Amino acid sequence: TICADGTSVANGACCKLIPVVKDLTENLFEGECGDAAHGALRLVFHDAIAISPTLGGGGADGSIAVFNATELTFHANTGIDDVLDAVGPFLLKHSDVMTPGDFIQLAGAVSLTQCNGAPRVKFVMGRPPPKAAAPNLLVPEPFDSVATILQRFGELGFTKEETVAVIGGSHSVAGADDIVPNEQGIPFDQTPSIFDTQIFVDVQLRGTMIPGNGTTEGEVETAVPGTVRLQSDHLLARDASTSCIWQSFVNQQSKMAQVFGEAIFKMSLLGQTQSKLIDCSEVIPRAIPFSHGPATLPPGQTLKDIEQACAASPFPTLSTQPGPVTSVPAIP
Ligand code: HEM
Ligand SMILES: [Ca+2]
Ligand SMILES: [Ca+2]
């Protein structure tokens, strides 16, 4: 079917989503891989992962928006109130054509296309409205152990490879608003507007510093001024179950993107039955091709500053970016 805009879709029910995509790209994200895009991506996880085989929760069901009055009382959802302040008006204005679970997955898929190197993910619609708030304690916290993290993701059907890709990859285009005391927009990697593998390098370095005037539980030292490091990422890069996976993504942007895209799509289906959904992948914007060079070590860092954790292979011999140590700019 040809939509009013000229887009051909396999299922004509998808045509009603085209204005939603345009609104998100023009008016929420403003064509940028910035604060709004980051929020929409994070919302995908906080909505979808909140499901357990034994404790309940509906997964990718829109509960985090509909039942925000409950789910925003959960510690793991710190900062989601601010995300919903930005995204929530768009969810409401487009609630005539799609359910909230569908909207959240759409917005995350569209967010990625705003970012250099991020994959164009598949997208399906047809998730029913949510029945209830997720239980508490289903969203992983940055102070959770690797074993805890792998149990949560693994029990939901993710491989370890997918788990590392989807966490690390997301943190390549991300910052913290609630970790560095009284500071917002503090990136996890040197390039929060680029979907590159700098996050993988940055986290493998020995940490030497904390930003700001104190820590929050689940934060550890970072190696690069103007960034922050989560304990969870720190441990995932160093634990024997995940460290070879973590290292495998360094300077492998295409591989990382492909795995990430597969993982996001899997995440999008949590709590759903793929049978009763409709493919609407044609509505997702074109991806922005990765246009940056190889991964590098940050200025002033050398291979002796890498904490080797993968026993199978040495850390790739990357170049060091030229020039003086500089503080990474905060995300506007
Ligand atoms: C063990 C798993 C994970 C943990 C513990 C974790 C933890 C965090 C924390 C603590 C923050 C900063 C939040 C704030 O300061 O308010 C954050 C930001 C973010 N996370 Fe993760 N995360 C995980 C997995 C993921 C996944 C799977 C995705 C995407 C599907 C994701 C996407 C993001 C994004 C995009 C941001 C930045 C938000 C912004 O700049 O507004 N995270 N994460
Ligand atoms: Ca949910
Ligand atoms: Ca990056």
Side-chain angles (χ1 to χ4, degrees), residues 33-51 57-68 71 76-83 86-87 100-101 104-105 108 111-112 115-118 121 127 130-135 138-146 148-150 152-153 158 162-180 183-202 216-219 227-228 230-233 235-236 253 260 263-264 266-268 270-271 292 295 328 331:
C33 188
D35 180 41
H38 306 153
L41 179 62
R42 188 182 180 226
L43 192 62
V44 164
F45 180 53
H46 285 248
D47 195 20
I49 207 72
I51 174 166
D61 60 352
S63 64
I64 190 135
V66 176
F67 299 120
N68 69 256
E71 298 194 20
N77 288 325
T78 293
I80 299 297
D81 60 349
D82 299 320
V83 172
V87 172
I104 290 177
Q105 298 303 319
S111 168
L112 285 165
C115 301
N116 188 285
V121 306
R127 298 165 185 76
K131 303 183 193 187
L138 297 188
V139 181
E141 290 270 16
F143 45 83
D144 282 341
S145 72
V146 170
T148 297
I149 292 165
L150 296 179
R152 285 288 304 119
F153 280 79
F158 295 91
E162 287 168 334
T163 298
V164 174
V166 76
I167 299 172
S170 291
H171 288 175
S172 185
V173 285
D177 301 327
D178 305 276
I179 299 297
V180 181
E183 295 189 11
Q184 300 177 319
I186 305 303
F188 294 129
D189 87 356
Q190 291 159 273
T191 57
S193 75
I194 301 166
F195 194 85
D196 57 10
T197 71
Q198 285 310 117
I199 180 66
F200 296 90
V201 176
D202 291 342
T216 300
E217 196 193 357
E219 178 191 7
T227 67
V228 62
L230 302 179
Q231 189 170 29
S232 45
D233 294 342
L235 292 175
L236 286 162
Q253 193 280 339
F260 179 91
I264 289 291
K266 178 174 281 187
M267 187 168 293
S268 88
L270 289 172
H292 297 268
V328 181
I331 299 157

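Start at 1 and go down the list; that is how both ligands and their atoms are numbered. Here, residue 1 is the first one in the sequence, and each next residue gets the next number. Side chains are part of it too, since the values below use all heavy atoms of this structure and drop only hydrogens, waters and symmetry mates.
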## Note on the structure
for atom 11 (C) of ligand 1, nearest protein heavy atom and its distance come out as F188 CZ, 3.7 Å
### Message
Less than 4.5 Å apart, side chain to side chain, heavy atoms only: is that true for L138 and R152?
### Response
yes
### Task
Examine distances only and state if a side-chain atom of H171 and a backbone atom of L230 form a donor-acceptor pair shorter than 3.5 Å.
no
#### Entry: Donor-acceptor contact below 3.5 Å, side chain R127 vs main chain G271
no
### Task
Check for a donor-acceptor pair, side chain of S63 on one end and backbone N or O of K131 on the other, with a separation under 3.5 Å.
no
### Task
Run through the protein N/O/S atoms less than 3.0 Å from the Ca ion (ligand 3) and write them out by chain and number.
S172 O, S172 OG, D189 OD1, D189 OD2, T191 O, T191 OG1, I194 O, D196 OD1
### Query
Considering only heavy atoms of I179, which atoms of ligand 1 have at least one such atom less than 4.0 Å away?
15 (O)
### Task
For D47 and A60, indicate whether the former's side chain and the latter's backbone hold a donor-acceptor pair under 3.5 Å.
no
### Task
Answer yes or no: is there a donor N or O on one side and an acceptor on the other, between the side chain of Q190 and the main chain of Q198, under 3.5 Å?
no
### Task
Give the contacting part of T78 toward ligand 1: side chain, backbone, both or neither, where contact means a heavy-atom distance below 4.0 Å.
backbone
### Query
Does a donor on one side chain and an acceptor on the other come within less than 3.5 Å for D196 and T191?
yes
### Query
In chain order, what residues pass the ring pair (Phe, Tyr, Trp, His ring centres under 6.0 Å) check against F200, with sequence neighbours excluded?
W246, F249
### Task
Would you mind reporting whether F195 and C33 have side-chain heavy atoms less than 4.5 Å apart?
no
### Task
Identify, by atom number and element, the atoms of ligand 1 in contact range of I264, meaning under 4.0 Å from any of its heavy atoms.
30 (C)
### Query
Is there any N or O on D177 that sits under 3.5 Å from an N or O of ligand 1?
yes
### Message
Would the distance check show the side chain of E71 and the main-chain N or O of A134 forming a donor-acceptor pair, the cut-off being under 3.5 Å?
### Response
yes
### Message
Given 3.5 Å as the limit, does a donor-acceptor pair link the side chain of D61 with the main chain of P130, or not?
### Response
no
#### Entry: ligand 1 atoms in contact with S232 (distance to a heavy atom under 4.0 Å)
5 (C)
## Note on the structure
Here the atoms of ligand 1 under 4.0 Å from any heavy atom belonging to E141 are 5 (C)
### Task
Report yes if some N/O of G175 lies less than 3.5 Å from some N/O of ligand 1; otherwise report no.
yes
#### Entry: Test item: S232 and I149 side chains (from C-beta on) under 4.5 Å apart, heavy atoms
yes
### Task
Report yes if some heavy atom in the side chain of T227 is under 4.5 Å from a heavy atom in the side chain of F188; otherwise report no.
no
### Summary
In this structure, atom 10 (C) of ligand 1 is nearest to the protein heavy atom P142 CG, 3.7 Å
## Note on the structure
Nearest non-hydrogen protein atom to atom 14 (C) of ligand 1, with distance, is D178 OD2, 3.5 Å
### Query
What atoms of ligand 1 come within less than 4.0 Å of a heavy atom belonging to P140?
1 (C), 5 (C)
## Note on the structure
What one should report as the nearest heavy-atom pair of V139 and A76 is O-CB, 3.4 Å
### Query
Would a 4.5 Å heavy-atom cut-off, applied to side chains only, mark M267 and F153 as touching?
yes
#### Entry: Distance below 2.8 Å from atom 21 (Fe) of ligand 1: protein N/O/S atoms
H171 NE2
### Task
Have a look around the Ca ion (ligand 2) and list protein N/O/S atoms under 3.0 Å, or say none.
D47 O, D47 OD1, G59 O, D61 OD1, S63 OG
### Task
Using non-hydrogen atoms of the residue, decide whether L236 is closer than 4.0 angstrom to ligand 1.
no
## Note on the structure
Among non-hydrogen protein atoms, atom 35 (C) of ligand 1 lies closest to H38 O, 3.2 Å
### Message
Could you tell me if the side chain of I80 sits less than 4.5 Å from the side chain of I64, heavy atoms only?
### Response
yes
